[PDB]
Amino acid sequence: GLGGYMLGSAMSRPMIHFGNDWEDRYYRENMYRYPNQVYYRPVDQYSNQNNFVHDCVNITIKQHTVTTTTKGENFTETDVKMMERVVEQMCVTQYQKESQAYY
């Protein structure tokens, strides 16, 4: 749970076309190191994905930096920015089992 949320047991690595070839490659080359689990606050009612993705691209990104750097990993500012796109996806990629209606 992590308290307020559902840290789902695992989810898929997304694939995302960044609009630049090397930003696609940057993420893809890194998708192994990147999260395999994210928090989600469920869009039961609120609606637009960005509104709930707030607590994700906040607290998931924190919990995949702080808690990964703890073992001696380190994701750069760029690694983190790349992860934003993946975390907005993953949070939905999880609850998509309803929210394919929304996304």
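Residues numbered from 1 in each chain as written, not as in the entry; some residues may be left out. Heavy atoms only, no water.

Per the PDB record, this model was obtained through solution NMR.

Novice: So what exactly am I meant to see when it comes to the overall build of the protein chain here?
Specialist: Looking only at helices and strands, the protein chain has 3 helices and 2 strands in total. Relative to its length of 103 residues, the protein chain is compact, with a C-alpha radius of gyration of 13 Å against a globular reference of 13 Å. Taking the principal axes of its C-alpha atoms as reference, the protein chain extends roughly 35 × 30 × 20 Å. Counting every position in the protein chain, which comprises 103 residues, the buried fraction comes to 39%. Of the contacts formed within the protein chain by residues at least 6 apart in sequence, a portion of 66% connects residues at least 24 apart. For the protein chain, the accessible area works out to roughly 6400 Å², and carbon and sulfur atoms hold 45% of it. When the 10 basic and 12 acidic side-chain charges of the protein chain are each reduced to a single mean position, those positions are 4 Å apart. (Helix = DSSP H or I, 4+ residues; strand = E, 2+ residues; numbered from the N terminus. Rg over C-alpha atoms; globule rule 2.2 N^0.38 Å. Buried < 20%, exposed > 50% of the residue type's maximum accessible area, 1.4 Å probe, protein only. Contact = heavy atoms within 4.5 Å. Areas by Shrake-Rupley, 256 points an atom, 1.4 Å probe, with all protein chains shown as cover. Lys, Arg positive; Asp, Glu negative; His and termini not counted. Charge placed at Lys NZ, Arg CZ, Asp CG, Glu CD.)

Novice: Mind showing me how you'd approach the state of the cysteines here?
Specialist: Here a disulfide denotes a covalent bond joining the sulfur atom of one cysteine to the sulfur atom of another. Applying the stated criterion across every chain yields a total of 1 disulfide. In this model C56 forms its disulfide with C91; the gap between the sulfur atoms is 2.0 Å. The sign of the S-S torsion, about -120°, decides the handedness of the disulfide formed by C56 and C91: left-handed. Residue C56 is found in helix α2 (residues 49-69), and its partner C91 is found in helix α3 (residues 77-99); the two are separated by 35 residues along the sequence. We classify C56 as buried; its relative accessible area is 1%. (Disulfide = S-S within 2.5 Å.)

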